[PDB]
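What follows is the content of data-v1.txt (compact mmCIF, C-alpha atoms).
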# COMPACT_ATOMS: atom_id res chain seq x y z
CA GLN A 1 -84.33 -26.03 167.43
CA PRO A 2 -87.53 -24.39 168.88
CA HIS A 3 -88.13 -20.63 169.13
CA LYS A 4 -90.84 -18.27 170.37
CA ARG A 5 -90.75 -15.83 167.41
CA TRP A 6 -92.13 -16.88 164.01
CA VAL A 7 -93.39 -15.12 160.86
CA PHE A 8 -95.75 -16.72 158.37
CA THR A 9 -97.66 -16.41 155.11
CA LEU A 10 -100.75 -18.29 153.94
CA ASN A 11 -101.82 -17.80 150.30
CA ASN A 12 -105.56 -17.80 149.40
CA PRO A 13 -106.85 -18.64 152.93
CA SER A 14 -110.25 -20.34 153.11
CA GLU A 15 -113.00 -19.12 155.48
CA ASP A 16 -112.13 -22.10 157.75
CA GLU A 17 -108.37 -21.35 157.72
CA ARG A 18 -109.11 -17.75 158.77
CA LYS A 19 -111.40 -19.07 161.56
CA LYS A 20 -108.78 -21.56 162.79
CA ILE A 21 -106.20 -18.77 163.17
CA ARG A 22 -108.75 -16.37 164.79
CA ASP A 23 -109.83 -19.14 167.20
CA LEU A 24 -106.30 -19.86 168.51
CA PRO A 25 -106.43 -19.47 172.35
CA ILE A 26 -104.92 -16.02 173.11
CA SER A 27 -103.08 -17.62 176.07
CA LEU A 28 -100.59 -19.03 173.52
CA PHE A 29 -98.96 -15.66 172.77
CA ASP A 30 -97.01 -12.80 174.25
CA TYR A 31 -97.93 -11.15 170.93
CA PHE A 32 -99.76 -12.22 167.77
CA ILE A 33 -100.77 -10.18 164.69
CA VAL A 34 -102.24 -11.52 161.43
CA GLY A 35 -102.99 -9.11 158.59
CA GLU A 36 -105.08 -9.82 155.47
CA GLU A 37 -103.33 -8.62 152.28
CA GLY A 38 -103.71 -8.59 148.49
CA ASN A 39 -107.45 -7.84 148.20
CA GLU A 40 -106.78 -5.94 144.89
CA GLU A 41 -107.36 -8.05 141.77
CA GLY A 42 -103.70 -7.60 140.64
CA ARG A 43 -102.33 -9.77 143.47
CA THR A 44 -102.48 -12.95 145.53
CA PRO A 45 -104.85 -12.73 148.62
CA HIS A 46 -102.81 -13.78 151.69
CA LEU A 47 -102.41 -13.68 155.48
CA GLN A 48 -99.21 -12.02 156.75
CA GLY A 49 -98.51 -12.84 160.38
CA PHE A 50 -96.16 -12.68 163.34
CA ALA A 51 -96.36 -14.83 166.47
CA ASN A 52 -94.31 -14.38 169.62
CA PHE A 53 -95.31 -17.41 171.72
CA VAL A 54 -95.10 -17.48 175.51
CA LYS A 55 -92.80 -20.54 175.27
CA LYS A 56 -90.52 -21.91 172.57
CA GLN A 57 -92.28 -23.95 169.87
CA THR A 58 -90.89 -26.42 167.31
CA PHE A 59 -91.58 -25.80 163.59
CA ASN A 60 -94.03 -28.73 163.69
CA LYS A 61 -95.96 -27.23 166.64
CA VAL A 62 -96.28 -23.91 164.75
CA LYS A 63 -97.62 -25.70 161.62
CA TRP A 64 -100.25 -27.38 163.82
CA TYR A 65 -101.44 -24.10 165.38
CA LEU A 66 -101.46 -21.95 162.22
CA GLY A 67 -102.27 -24.63 159.64
CA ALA A 68 -100.36 -27.02 157.41
CA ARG A 69 -100.45 -24.74 154.30
CA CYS A 70 -98.75 -21.83 156.14
CA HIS A 71 -95.21 -20.92 155.03
CA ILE A 72 -93.35 -20.40 158.29
CA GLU A 73 -89.89 -18.96 159.05
CA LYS A 74 -87.92 -17.81 162.13
CA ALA A 75 -88.75 -14.13 162.68
CA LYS A 76 -86.13 -11.45 162.17
CA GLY A 77 -86.20 -7.95 163.66
CA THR A 78 -88.16 -6.43 166.55
CA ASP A 79 -91.73 -7.26 167.55
CA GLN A 80 -92.51 -3.60 166.66
CA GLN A 81 -91.06 -3.85 163.13
CA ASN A 82 -93.11 -7.06 162.62
CA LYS A 83 -96.23 -5.27 163.94
CA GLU A 84 -95.78 -2.50 161.35
CA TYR A 85 -95.07 -4.95 158.53
CA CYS A 86 -98.13 -7.12 159.29
CA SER A 87 -100.47 -4.06 159.70
CA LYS A 88 -99.43 -1.98 156.64
CA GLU A 89 -102.58 -2.82 154.56
CA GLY A 90 -104.98 -1.84 157.40
CA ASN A 91 -107.02 -5.11 157.75
CA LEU A 92 -106.31 -7.25 160.88
CA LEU A 93 -107.73 -10.77 161.26
CA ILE A 94 -106.50 -10.99 164.89
CA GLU A 95 -104.22 -8.96 167.21
CA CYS A 96 -103.72 -10.03 170.84
CA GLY A 97 -101.01 -9.26 173.40
CA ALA A 98 -98.31 -6.61 173.27
CA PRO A 99 -94.96 -6.51 171.36
CA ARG A 100 -91.87 -7.44 173.38
CA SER A 101 -89.61 -4.36 173.78
CA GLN A 102 -85.97 -5.46 173.79
CA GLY A 103 -84.22 -2.09 173.57
CA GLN A 104 -86.42 -0.05 176.00
CA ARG A 105 -86.29 3.44 174.35
CA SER A 106 -89.30 4.42 176.48
CA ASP A 107 -90.38 7.94 177.52
CA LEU A 108 -91.71 6.33 180.70
CA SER A 109 -90.09 6.67 184.16
CA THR A 110 -88.14 3.67 185.55
CA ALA A 111 -88.44 5.02 189.14
CA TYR A 112 -91.00 3.24 191.39
CA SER A 113 -91.56 6.49 193.33
CA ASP A 114 -92.84 8.28 190.15
CA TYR A 115 -95.87 5.92 190.06
CA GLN A 116 -98.39 7.51 192.42
CA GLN A 117 -100.92 5.22 194.16
CA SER A 118 -103.46 8.08 193.68
CA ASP A 119 -103.10 7.59 189.87
CA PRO A 120 -105.09 4.49 188.66
CA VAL A 121 -103.68 4.76 185.12
CA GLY A 122 -100.14 4.97 186.53
CA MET A 123 -100.89 2.01 188.85
CA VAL A 124 -102.19 -0.02 185.88
CA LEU A 125 -98.87 0.72 184.13
CA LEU A 126 -96.85 -0.09 187.27
CA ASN A 127 -98.72 -3.43 187.70
CA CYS A 128 -97.65 -5.07 184.42
CA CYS A 129 -94.34 -6.19 182.80
CA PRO A 130 -91.92 -3.72 181.03
CA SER A 131 -93.13 -4.68 177.52
CA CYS A 132 -96.85 -4.42 178.40
CA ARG A 133 -96.35 -1.14 180.32
CA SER A 134 -94.55 0.46 177.37
CA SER A 135 -97.31 -0.69 174.93
CA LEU A 136 -100.22 0.24 177.27
CA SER A 137 -98.79 3.73 177.92
CA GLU A 138 -99.72 4.45 174.25
CA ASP A 139 -102.92 2.34 174.12
CA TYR A 140 -106.02 4.12 172.78
CA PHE A 141 -108.41 2.20 175.08
CA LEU A 142 -106.40 2.89 178.25
CA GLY A 143 -106.44 6.53 177.00
CA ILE A 144 -110.24 6.47 176.91
CA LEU A 145 -110.28 5.15 180.48
CA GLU A 146 -107.84 7.88 181.56
CA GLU A 147 -110.13 10.53 179.97
CA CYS A 148 -113.25 9.28 181.85
CA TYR A 149 -111.35 9.25 185.17
CA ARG A 150 -110.13 12.85 184.57
CA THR A 151 -113.67 13.98 183.69
CA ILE A 152 -115.12 12.70 187.02
CA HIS A 153 -112.02 13.56 189.19
CA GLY A 154 -111.25 17.01 187.74
CA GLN B 1 -75.89 -21.04 185.77
CA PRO B 2 -78.08 -17.86 185.38
CA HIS B 3 -81.82 -17.66 186.14
CA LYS B 4 -84.72 -15.17 185.92
CA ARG B 5 -86.20 -16.10 189.32
CA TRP B 6 -84.52 -15.38 192.67
CA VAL B 7 -85.56 -14.98 196.33
CA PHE B 8 -83.64 -13.00 198.94
CA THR B 9 -83.34 -11.95 202.57
CA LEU B 10 -81.49 -8.96 203.99
CA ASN B 11 -81.23 -8.78 207.81
CA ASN B 12 -81.24 -5.39 209.58
CA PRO B 13 -81.45 -3.24 206.39
CA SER B 14 -80.12 0.31 206.70
CA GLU B 15 -82.07 3.32 205.43
CA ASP B 16 -79.67 3.40 202.44
CA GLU B 17 -80.06 -0.33 201.65
CA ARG B 18 -83.86 0.09 201.57
CA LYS B 19 -83.51 3.14 199.25
CA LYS B 20 -81.12 1.27 196.93
CA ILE B 21 -83.64 -1.57 196.47
CA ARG B 22 -86.59 0.89 196.04
CA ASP B 23 -84.55 2.83 193.42
CA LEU B 24 -83.94 -0.21 191.20
CA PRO B 25 -85.20 0.57 187.64
CA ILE B 26 -88.62 -1.14 187.23
CA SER B 27 -87.54 -2.08 183.66
CA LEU B 28 -85.38 -4.84 185.20
CA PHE B 29 -88.33 -7.04 186.25
CA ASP B 30 -91.28 -9.00 184.99
CA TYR B 31 -92.18 -9.00 188.69
CA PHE B 32 -90.52 -7.76 191.86
CA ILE B 33 -91.90 -7.72 195.42
CA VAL B 34 -89.94 -6.83 198.58
CA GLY B 35 -91.60 -6.85 201.97
CA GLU B 36 -90.39 -5.49 205.30
CA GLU B 37 -90.73 -7.98 208.17
CA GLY B 38 -89.76 -8.56 211.82
CA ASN B 39 -91.22 -5.26 213.13
CA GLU B 40 -92.13 -6.82 216.54
CA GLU B 41 -89.56 -6.40 219.32
CA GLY B 42 -88.71 -10.14 219.71
CA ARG B 43 -87.13 -10.59 216.28
CA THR B 44 -84.73 -9.44 213.59
CA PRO B 45 -86.07 -6.71 211.16
CA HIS B 46 -85.53 -7.84 207.55
CA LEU B 47 -86.45 -7.59 203.86
CA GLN B 48 -88.12 -10.66 202.30
CA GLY B 49 -88.05 -10.43 198.51
CA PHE B 50 -88.74 -12.12 195.17
CA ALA B 51 -87.43 -11.03 191.76
CA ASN B 52 -88.41 -12.40 188.37
CA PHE B 53 -86.06 -10.56 186.00
CA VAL B 54 -86.88 -9.92 182.34
CA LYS B 55 -83.64 -11.76 181.38
CA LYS B 56 -81.54 -14.42 183.11
CA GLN B 57 -79.05 -13.09 185.67
CA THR B 58 -75.99 -14.65 187.32
CA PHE B 59 -75.75 -14.75 191.14
CA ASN B 60 -73.13 -11.98 190.92
CA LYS B 61 -75.42 -9.73 188.81
CA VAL B 62 -78.23 -10.20 191.38
CA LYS B 63 -75.85 -9.15 194.20
CA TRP B 64 -75.04 -6.04 192.12
CA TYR B 65 -78.73 -5.04 191.83
CA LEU B 66 -79.72 -5.93 195.43
CA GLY B 67 -77.33 -5.78 198.37
CA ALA B 68 -74.00 -7.57 198.61
CA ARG B 69 -75.24 -8.38 202.17
CA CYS B 70 -78.43 -10.03 200.76
CA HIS B 71 -78.73 -13.80 201.10
CA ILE B 72 -79.91 -14.88 197.64
CA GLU B 73 -81.15 -18.26 196.36
CA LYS B 74 -82.92 -19.48 193.21
CA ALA B 75 -86.70 -19.34 193.45
CA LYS B 76 -88.87 -22.42 193.87
CA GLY B 77 -92.70 -22.34 193.66
CA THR B 78 -94.91 -20.06 191.53
CA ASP B 79 -94.64 -16.22 191.32
CA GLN B 80 -98.04 -16.14 193.09
CA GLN B 81 -96.89 -18.25 196.08
CA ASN B 82 -93.79 -15.99 196.33
CA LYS B 83 -96.05 -12.88 196.20
CA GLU B 84 -98.15 -14.18 199.12
CA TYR B 85 -95.06 -15.17 201.12
CA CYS B 86 -93.37 -11.79 200.63
CA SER B 87 -96.60 -9.83 201.49
CA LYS B 88 -97.78 -11.79 204.58
CA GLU B 89 -96.81 -9.03 207.14
CA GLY B 90 -98.63 -6.30 205.11
CA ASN B 91 -95.75 -3.79 204.62
CA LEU B 92 -94.33 -3.57 201.06
CA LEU B 93 -91.13 -1.66 200.30
CA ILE B 94 -91.69 -2.08 196.54
CA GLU B 95 -93.82 -4.09 194.15
CA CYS B 96 -93.73 -3.40 190.42
CA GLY B 97 -94.64 -5.81 187.60
CA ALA B 98 -97.16 -8.75 187.56
CA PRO B 99 -96.57 -12.41 188.62
CA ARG B 100 -95.95 -14.88 185.77
CA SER B 101 -98.80 -17.43 185.60
CA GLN B 102 -97.70 -20.72 183.97
CA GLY B 103 -101.15 -21.12 182.35
CA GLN B 104 -102.36 -22.23 185.81
CA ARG B 105 -106.12 -21.38 185.46
CA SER B 106 -107.82 -18.12 184.37
CA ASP B 107 -111.70 -18.21 184.17
CA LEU B 108 -110.89 -15.42 181.66
CA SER B 109 -111.93 -16.26 178.06
CA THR B 110 -109.20 -17.51 175.66
CA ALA B 111 -111.34 -16.58 172.61
CA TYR B 112 -110.32 -13.37 170.77
CA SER B 113 -113.96 -12.90 169.70
CA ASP B 114 -115.09 -12.55 173.39
CA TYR B 115 -113.03 -9.32 173.72
CA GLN B 116 -115.34 -6.60 172.38
CA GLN B 117 -113.77 -3.45 170.76
CA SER B 118 -116.67 -1.52 172.36
CA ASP B 119 -115.22 -2.49 175.79
CA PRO B 120 -112.09 -0.42 176.73
CA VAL B 121 -111.39 -2.52 179.84
CA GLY B 122 -111.65 -5.71 177.71
CA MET B 123 -109.35 -4.12 175.10
CA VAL B 124 -106.82 -3.24 177.80
CA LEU B 125 -106.85 -6.91 178.89
CA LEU B 126 -106.64 -8.13 175.28
CA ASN B 127 -103.66 -5.85 174.53
CA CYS B 128 -101.25 -7.42 177.14
CA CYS B 129 -99.20 -10.56 178.17
CA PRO B 130 -101.24 -13.63 179.22
CA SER B 131 -99.67 -13.15 182.71
CA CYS B 132 -100.35 -9.36 182.76
CA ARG B 133 -103.98 -9.98 181.54
CA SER B 134 -104.76 -12.49 184.33
CA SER B 135 -103.27 -10.17 186.95
CA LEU B 136 -104.94 -6.97 185.59
CA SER B 137 -108.38 -8.64 185.33
CA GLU B 138 -108.33 -8.63 189.19
CA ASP B 139 -106.53 -5.28 189.61
CA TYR B 140 -108.14 -2.78 191.99
CA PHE B 141 -107.03 0.25 189.93
CA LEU B 142 -108.27 -1.15 186.60
CA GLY B 143 -111.51 -1.77 188.54
CA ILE B 144 -111.70 1.92 189.50
CA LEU B 145 -111.22 2.81 185.80
CA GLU B 146 -113.95 0.35 184.80
CA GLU B 147 -116.28 1.99 187.38
CA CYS B 148 -115.72 5.54 186.01
CA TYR B 149 -116.33 4.39 182.41
CA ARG B 150 -119.60 2.64 183.46
CA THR B 151 -120.74 5.76 185.35
CA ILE B 152 -120.36 7.93 182.21
CA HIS B 153 -121.57 5.32 179.67
CA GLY B 154 -124.45 3.74 181.65
Turn this file's structure into structure tokens for me.
Amino acid sequence: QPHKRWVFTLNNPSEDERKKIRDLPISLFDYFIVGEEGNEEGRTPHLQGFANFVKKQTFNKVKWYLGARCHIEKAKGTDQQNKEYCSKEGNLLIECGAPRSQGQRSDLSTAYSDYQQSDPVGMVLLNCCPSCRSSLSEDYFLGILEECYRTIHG
Amino acid sequence: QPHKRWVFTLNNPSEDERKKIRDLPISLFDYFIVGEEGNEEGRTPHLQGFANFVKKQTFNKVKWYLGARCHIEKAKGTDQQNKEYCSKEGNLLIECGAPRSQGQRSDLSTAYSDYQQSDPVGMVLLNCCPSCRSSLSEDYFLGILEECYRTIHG
């Protein structure tokens, strides 16, 4: 059976295996995060990753995209919990997209009339899906853009 | 059978029926557009709408969210073609969300390495769904935010 959500490990990645994963077209994924782990000489160097594909993929398809030596399993838990797990050693190879938010414990209004057409940031948030809106409402780079807009229109 | 993608018509909407549809939580939809049509004195005033729900909905559930009086049918065509159809008389009741692009075409790079961490706009586009990215890369309000950032950092 195919699924959209997969976790994976690759032990001792080569330069070329890292480049393959980093060169995957970002159009494949709703969300994708690959962390590089085990740099310390005690342990095994390895990629730790989570892919939420736009459409369901067979096991074989996932092997092709990530590489034949990857150990691949159906993902358990929330996109958010997988984000935290794959980023806990602070060294990302690639991160594209935004985690899917299944239980929407957002702080963010669900009322169309609270999004003011005089607020570009608010309009950016209005004009994307529930998962992307929730992620972008906390995004550092959208926060920079908000700060520049406030500076000029203040 | 349930589906994400539905079109609808409501003839002679009351004030209250319009307010119901405008008060729908924006968390329900990947994309939602309702236009108000038939203003001219010859014809019947009516809502013309398209909903792409986050999860699949039965006919009965769609009736619950919209009107019971709404005529509802499964959607055919792309989200984009439905957006153009529902906006052709220039008077939106509500639009919230971004159309789902089935890969279609983008002109936007699919290479992670073309999104520069020194570019906040580029990082906003990187950090979202492939469908939200394509839609936001043409968004008027993200364009205003780009313009303010360039003003300050040019």
* To do: Determine which residues of chain B sit within 6 Å of chain A, taking into account all atoms listed in the file, and present them as a ChimeraX atom specification.
  => /B:25-27,30,96-98,110-111,120,126-130,132,141,145,148-149
* Asked: Do you know which residues are at most 12 Å from residue 73 of chain B counting all atoms listed in the file, after dropping those on the same chain fewer than 6 positions away, and could you put them as a PyMOL selection string?
  -> chain B and resi 2-9+48-51+58-60+62-63
* Residue nearest residue 19 of chain A among A:77, A:67, A:38, A:154 (counting all atoms listed in the file) -> A:67
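Across the model, the gap from atom CA of residue 36 of chain A to atom CA of residue 92 of chain A is 6.1 Å.
With atom CA of residue 33 of chain A on one side and atom CA of residue 138 of chain B on the other, the separation reads 25.7 Å.
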Please provide the set of residues having any atom within 9 Å of residue 88 of chain B, restricted to all atoms listed in the file, with same-chain residues fewer than 4 positions apart removed, written as an mmCIF file with C-alpha atoms, in the frame of the given file.
data_model
loop_
_atom_site.group_PDB
_atom_site.id
_atom_site.type_symbol
_atom_site.label_atom_id
_atom_site.label_comp_id
_atom_site.auth_asym_id
_atom_site.auth_seq_id
_atom_site.Cartn_x
_atom_site.Cartn_y
_atom_site.Cartn_z
ATOM 1 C CA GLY B 35 -91.600 -6.850 201.970
ATOM 2 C CA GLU B 37 -90.730 -7.980 208.170
ATOM 3 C CA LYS B 83 -96.050 -12.880 196.200
ATOM 4 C CA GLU B 84 -98.150 -14.180 199.120
#
* Structure fact -> re atom CA of residue 10 of chain B and atom CA of residue 47 of chain B: distance 5.1 Å
Could you give me segment 39-51 of chain B completed to N, CA, C and O atoms, formatted as a PDB file, in the coordinates of the input?
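For reference, rebuild_13.pdb as written:
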ATOM      1  N   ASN B  39     -90.966  -6.533 212.462  1.00  0.00           N
ATOM      2  CA  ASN B  39     -91.220  -5.260 213.130  1.00  0.00           C
ATOM      3  C   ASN B  39     -91.255  -5.455 214.651  1.00  0.00           C
ATOM      4  O   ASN B  39     -90.649  -4.663 215.374  1.00  0.00           O
ATOM      5  N   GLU B  40     -91.896  -6.545 215.126  1.00  0.00           N
ATOM      6  CA  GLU B  40     -92.130  -6.820 216.540  1.00  0.00           C
ATOM      7  C   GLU B  40     -90.818  -7.073 217.293  1.00  0.00           C
ATOM      8  O   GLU B  40     -89.898  -7.694 216.753  1.00  0.00           O
ATOM      9  N   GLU B  41     -90.788  -6.646 218.570  1.00  0.00           N
ATOM     10  CA  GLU B  41     -89.560  -6.400 219.320  1.00  0.00           C
ATOM     11  C   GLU B  41     -88.760  -7.680 219.601  1.00  0.00           C
ATOM     12  O   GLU B  41     -87.556  -7.577 219.840  1.00  0.00           O
ATOM     13  N   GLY B  42     -89.405  -8.862 219.577  1.00  0.00           N
ATOM     14  CA  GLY B  42     -88.710 -10.140 219.710  1.00  0.00           C
ATOM     15  C   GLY B  42     -87.645 -10.407 218.646  1.00  0.00           C
ATOM     16  O   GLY B  42     -86.591 -10.958 218.981  1.00  0.00           O
ATOM     17  N   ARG B  43     -87.983 -10.087 217.391  1.00  0.00           N
ATOM     18  CA  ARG B  43     -87.130 -10.590 216.280  1.00  0.00           C
ATOM     19  C   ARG B  43     -86.318  -9.607 215.448  1.00  0.00           C
ATOM     20  O   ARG B  43     -86.377  -8.389 215.688  1.00  0.00           O
ATOM     21  N   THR B  44     -85.626 -10.183 214.469  1.00  0.00           N
ATOM     22  CA  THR B  44     -84.730  -9.440 213.590  1.00  0.00           C
ATOM     23  C   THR B  44     -85.522  -8.752 212.463  1.00  0.00           C
ATOM     24  O   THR B  44     -86.159  -9.449 211.663  1.00  0.00           O
ATOM     25  N   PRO B  45     -85.479  -7.395 212.322  1.00  0.00           N
ATOM     26  CA  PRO B  45     -86.070  -6.710 211.160  1.00  0.00           C
ATOM     27  C   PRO B  45     -85.348  -7.134 209.879  1.00  0.00           C
ATOM     28  O   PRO B  45     -84.121  -7.268 209.901  1.00  0.00           O
ATOM     29  N   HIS B  46     -86.126  -7.333 208.812  1.00  0.00           N
ATOM     30  CA  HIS B  46     -85.530  -7.840 207.550  1.00  0.00           C
ATOM     31  C   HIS B  46     -86.395  -7.646 206.311  1.00  0.00           C
ATOM     32  O   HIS B  46     -87.599  -7.493 206.451  1.00  0.00           O
ATOM     33  N   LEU B  47     -85.764  -7.624 205.146  1.00  0.00           N
ATOM     34  CA  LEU B  47     -86.450  -7.590 203.860  1.00  0.00           C
ATOM     35  C   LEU B  47     -86.636  -9.016 203.401  1.00  0.00           C
ATOM     36  O   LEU B  47     -85.732  -9.801 203.620  1.00  0.00           O
ATOM     37  N   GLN B  48     -87.819  -9.345 202.855  1.00  0.00           N
ATOM     38  CA  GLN B  48     -88.120 -10.660 202.300  1.00  0.00           C
ATOM     39  C   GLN B  48     -88.556 -10.422 200.862  1.00  0.00           C
ATOM     40  O   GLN B  48     -89.552  -9.749 200.661  1.00  0.00           O
ATOM     41  N   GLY B  49     -87.825 -10.917 199.860  1.00  0.00           N
ATOM     42  CA  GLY B  49     -88.050 -10.430 198.510  1.00  0.00           C
ATOM     43  C   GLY B  49     -88.088 -11.539 197.464  1.00  0.00           C
ATOM     44  O   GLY B  49     -87.573 -12.633 197.709  1.00  0.00           O
ATOM     45  N   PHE B  50     -88.712 -11.223 196.315  1.00  0.00           N
ATOM     46  CA  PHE B  50     -88.740 -12.120 195.170  1.00  0.00           C
ATOM     47  C   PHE B  50     -88.594 -11.269 193.906  1.00  0.00           C
ATOM     48  O   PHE B  50     -89.247 -10.226 193.777  1.00  0.00           O
ATOM     49  N   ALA B  51     -87.703 -11.710 193.008  1.00  0.00           N
ATOM     50  CA  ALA B  51     -87.430 -11.030 191.760  1.00  0.00           C
ATOM     51  C   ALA B  51     -87.543 -12.062 190.649  1.00  0.00           C
ATOM     52  O   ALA B  51     -86.887 -13.101 190.703  1.00  0.00           O
TER      53      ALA B  51
END
